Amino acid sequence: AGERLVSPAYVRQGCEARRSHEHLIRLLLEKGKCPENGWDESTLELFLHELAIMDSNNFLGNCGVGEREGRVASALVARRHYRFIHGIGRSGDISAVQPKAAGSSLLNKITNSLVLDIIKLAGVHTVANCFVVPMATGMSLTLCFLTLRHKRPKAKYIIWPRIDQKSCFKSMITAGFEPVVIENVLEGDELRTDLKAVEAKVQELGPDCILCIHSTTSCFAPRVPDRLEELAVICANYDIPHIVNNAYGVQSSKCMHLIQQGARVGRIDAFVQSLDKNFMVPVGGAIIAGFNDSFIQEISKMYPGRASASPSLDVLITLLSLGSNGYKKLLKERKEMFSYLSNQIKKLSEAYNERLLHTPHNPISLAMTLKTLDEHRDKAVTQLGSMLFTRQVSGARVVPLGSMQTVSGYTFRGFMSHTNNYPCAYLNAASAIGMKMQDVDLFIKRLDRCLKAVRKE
């Protein structure tokens, strides 16, 4: 409005240009959905700075005489968080609007609305409610289990189809329940759910003694996502809650449609996803989503005290920068890289007298056999994982046979294989969101060089 110096025509075009940024911000505040095209950084930072001004710690004429005033010692800390200091929620409700932080409260509502829009876009079009929690997937599963205790005070067991992952297994024990490990059935090369053993354990222990059935979608090959439809029917019949571990299944349309079809024909009370694995942000946050708004609110109000806004801000920045088209592009390129990674493993397996485990139901992880490797006591399988780690290859885990691990008092036989005696040792490789073609070409090149070193030795 300073037309005293600059000509009025040029100030009018600049002030009218600001209306274009306010148009994008208004559309987000009204519809609460992910924009199709990503915002420019100029629009995003203008939006973030305007939100932070609404927080009482950033008021020009504010005075504080309490114990939690959002004071910041280091200017580096304040700037790297865009001056969002008060966090999210209140002492009694993590979903409540914080009176001292209107901008942080609005940031939390918009983030959960953007996340809900992505969950529908990813495949679960029928999701009712969700919320971001600044805890990992393991601790977020624990929060679901802690909520179910007060609704099922006579239950002490959690029925859990086996998956060799320490975080989700410890969630059941951290919540104070006893996991009932259901071994998997070897159908071809795939380890799938044993529906007969699951329903048998329900009748042996009694439905009232079961806290919930804890299934899992995204997992390492040769394990595949659980039969969520049949497990949801069992949960609906015996009136047992169903909690789905969907750690990195948002990036997979097959995983999300499983959760959708399971809630369509049966019962799914909540499914939990990781922020870092599905949205390419730092580790630390998760999403608790469900189809019963009454129950999702119960989980949210079960959280004691305020919580960090840092994961919510990272997801807000990322989704607004990518847009719904930007996220869709990454979902399409992940399917392309999955086919490319599969074909490169097939070609490399033939040259070394190996094969690719046929796991068509796992759309993220692959497994190449390592049968023609260890000379019983040559330690070649263990050496391969160390040589790959030496040549700066991460994410390719090696699963040997006969491994035994004790996790929180429970001893697993055949650890990392999801079963007691898998036929052979294998090598894992996955196509996750954001993987470039250079990752596969460097992986194949360095894996080939590592295999030559063992064959030559």
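Sequential numbering from 1, following the sequence displayed.
*Asks:* Output yes if residue 290 is unmodelled in at least a third of the other compared entries of this protein, no if it is modelled in all of them.
*Replies:* Looking at the other entries that model residues on either side of it, residue 290 is present in every one.
*Asks:* Check whether residue 252 has no coordinates in at least a third of the other compared PDB entries of this protein, counting only entries that model residues on both sides of it.
*Replies:* Other entries vs residue 252: none skip it.
*Asks:* Which has higher Cα B-factors on average according to the PDB entry: 334-342 or 82-90?
*Replies:* That would be 334-342.
*Asks:* For the stretches 372-380 and 206-214, which has the higher mean C-alpha B-factor as given in the deposited record?
*Replies:* Between 206-214 and 372-380, it is 372-380 that shows the higher mean C-alpha B-factor.
*Asks:* Whose CA atom has the top B-factor in the entry, of 274, 113, 310, 386?
*Replies:* Comparing C-alpha B-factors across 274, 113, 310, 386, the maximum falls on 386.
*Asks:* Using the B-factor values recorded in the entry, state whether the Cα atom of residue 401 falls in the lowest, middle or highest third among the modelled residues of its chain.
*Replies:* Ranked within chain, residue 401 CA B lands in the middle tercile.
*Asks:* Taking the C-alpha B-factors as the PDB entry records them, is residue 269 in the lowest, middle or highest third of its chain?
*Replies:* Bottom third by C-alpha B-factor.
*Asks:* For residue 154, does the deposited CA B-factor place it in the lowest, middle or highest third of the chain?
*Replies:* Highest third, going by the recorded CA B-factors of the chain.
*Asks:* Taking the chain's C-alpha temperature factors as the reference, tell me which third residue 351 falls into: lowest, middle or highest.
*Replies:* Top third by C-alpha B-factor.
*Asks:* Taking the chain's C-alpha temperature factors as the reference, tell me which third residue 359 falls into: lowest, middle or highest.
*Replies:* As the PDB entry reports it, the C-alpha B-factor of residue 359 lands in the highest third of its chain.
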